[PDB]
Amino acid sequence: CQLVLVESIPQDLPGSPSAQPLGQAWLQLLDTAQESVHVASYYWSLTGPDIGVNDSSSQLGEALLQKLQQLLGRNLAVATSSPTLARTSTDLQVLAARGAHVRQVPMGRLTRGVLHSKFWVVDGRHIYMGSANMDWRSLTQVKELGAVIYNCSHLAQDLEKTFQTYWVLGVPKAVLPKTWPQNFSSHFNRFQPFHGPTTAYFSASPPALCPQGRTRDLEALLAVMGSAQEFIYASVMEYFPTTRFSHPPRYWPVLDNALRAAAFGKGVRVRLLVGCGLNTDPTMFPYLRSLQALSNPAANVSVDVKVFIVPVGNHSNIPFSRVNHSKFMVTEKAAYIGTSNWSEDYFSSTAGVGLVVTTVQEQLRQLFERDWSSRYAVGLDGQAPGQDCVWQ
């Protein structure tokens, strides 16, 4: 039983701790496959011709594509999608005409939302789960973090059951089941995690897509932050203590309140690192300042916030890239990796999943520290005319 953290690193990002490159891990996954692959992906932009192609950064992507064909040359790719982005792409059509069984859940139909989950279960015995969705930009042109597990076959299905929840929906005239039978019921929640020298469990969201025995991603995040007693390391591309894309906008403090409660009532030192990528919302910035203002070393309250700005350089060719897509958190006890950002939708409307495991915590510790003391992480007052994010 092995679990490895995987990291996708674009141009730059220099003696520092490092993780295993994600592209080799994906080649890894497609190589070990002997029987079947099950895919949950937000969108599919893997070939390049779907978007501008003259960057030459694309190979890591379509080389990966050929590996897919190998599984279809060896005789079952099972993909699931959403009210998808990059509709011009023909990857799913190619794989369906080549032998892959694909249905898309129109999550907007059911809960106004989207399928933001991105995970793999291969041969029923290996799993991948992380922030890297189906995109070559997620392989070479955006920072990504994830985790992959092999051998542990008795836990490998533990995300398949969710994958299968997604599978049952998306059929024509599909309806939300008010109760999932024992087939989709889970036995690996927060109360009883896995065993083997770590312990781990998965979580799904939203509640309507959570069968019995499934802990919600919100509850997993809250429990991980509550169990923290010295530090809370959070890295999400966007952080909004508010609901998004809801006709009446409403405040949403539960995550924020838990952060501040950990900082104050238990003296936990908390640092929050959020991404800036030319597409972020400037309205996000005041809330971060509202957290940063809590800092007071004389009262044992330690709240520090920074923004991770990655430079576009000569690569303005790629439009939806040059961000920190990684989403994770670590406390001295546990390590949570997630697919969802920190806003109301991911816990009320849009599908998402999250793993939490318990040296791996120290590995992610040093990953975050390298991503935090770095030169691309800047404080709130560092306007920096040469920096390339929108702040107002």
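Don't overthink the numbering: it's just position in the shown sequence, from 1.
- Missing coordinates between residue 358 and residue 359 amount to 10 or more residues of the deposited sequence.
- According to the record, the deposited sequence contains 1 to 3 residues between residue 14 and residue 15 that were left without coordinates.
- Note on 380-388 vs 364-372: mean CA B-factor is higher in 380-388.
- For the pair 25-33 and 347-355, the mean Cα B-factor is higher in 25-33.
- Highest CA B-factor among the listed residues (269, 250, 214, 173): 173.
- Residue-level inspection of the entry shows that, of 321, 131, 140, 227, 140 has the top Cα B-factor.
- For residue 135, the recorded CA B-factor ranks within the middle third of the chain. Only modelled residues enter the ranking.
- When the modelled residues of the chain are ordered by C-alpha B-factor, residue 223 sits in the lowest third.
- In the PDB entry, a CA B factor belonging to the middle third of its chain's modelled residues is recorded for residue 83.
- In the deposited entry, the Cα temperature factor of residue 154 sits in the top third of values across the chain's modelled residues.
- In this PDB entry, residue 246 carries a Cα temperature factor that places it within the middle third of its chain's modelled residues.
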